[PDB]
Structure formats: C-alpha cells, structure tokens
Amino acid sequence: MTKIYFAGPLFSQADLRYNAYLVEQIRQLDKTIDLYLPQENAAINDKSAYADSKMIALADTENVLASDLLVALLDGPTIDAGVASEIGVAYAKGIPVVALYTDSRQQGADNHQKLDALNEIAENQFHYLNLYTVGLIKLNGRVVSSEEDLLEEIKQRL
C-alpha cells in the first residue's frame, strides 16, 4: 500500500470542501492508497482540548514522515505557511511531493499583450508562487495545474 499525506489549508469551508472532494477522487483511484487527510483526524473544538505549537508540529510531522508521497495544494494569495514548512520537511527527508496549482491567473504565456505589459509598472497579470518552495517540489516531485493531471500523476507513482 502507498501512504499519502494530503497537505493543504483546512480552515475555511471552501478549503475543507475542496479537500474532501479531491481526496475522494484520489481514494477511488486505487484501493492500495492509504491517504491521510488532517481534517478527518482533528479533534472537534472543545473548551478543554489544547495543544501548543510544539505538540502540533510534532504530531503533524509524524504523519508527514510516515507517508510515501505528499500531495500539496499551493493555491491561495500565498502558499500556506504550514504547507510550505511541510514541503521543506518532506524534501529534506526524501519524500516526493506532487503539488496542485490551479490559479487561473497562471495562464497567458501565449498572450503577447500580457508579456508586453510587464514593461509597465504594476501591470503583471501572472499570479506568483514563491519559487523556493516550488523548487523544492520539483527537485523531487512535480507541480500540476489540473485535477486530471494530479490523479494521473498519483496513478503513475503507484
């Protein structure tokens, strides 16, 4: 069996719903996939339950280091800081990362007016990802821009 850690923000309803939607597609791909989704394991917010950052980081890292493959969602105004740190841990431990990046503002490389606009001040139409975090992914993994490509890449790594 292949153990997958699904890295991604899990705090808003938009992200919670999208994670569950993607994960079910990944789990229906192959019965040997053992995917760990953090939102499925978080304790319901109770007034007596508490864990500090050290406990949080230690428990989260244990799930990362136990996986064979990390699936990371990079979308947002910036890459989620927790996801970025998890990618750094995975790279240093040799765990491959397949990342999904669907931002519609990444398209336009064939649009010569978008390219020319870069000569103007504050006219860039291409969304930006921190290239250090991206480079760590590509040094052992891949960044895909569609759910179709993500499922195929996970399938080819089984």
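Numbering starts at 1 and runs along the sequence shown.
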{"query": "Selected stretch [higher average CA B-factor]: 21-29 or 132-140", "finding": "21-29"}
{"query": "Mean temperature factor over C-alpha atoms, higher-scoring stretch between 144-152 and 10-18", "finding": "144-152"}
{"query": "Most elevated Cα B-factor in the entry, residues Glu123, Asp110, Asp60, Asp103", "finding": "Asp110"}
{"query": "Residue, from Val89, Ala51, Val98, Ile44, that the PDB entry assigns the highest Cα B-factor", "finding": "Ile44"}
{"query": "Third of the chain's Cα B-factor distribution that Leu35 belongs to, per the entry", "finding": "highest"}
{"query": "Third of chain Cα B-factors occupied by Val64", "finding": "middle"}
{"query": "Lowest, middle or highest third - CA B-factor, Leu115", "finding": "highest"}
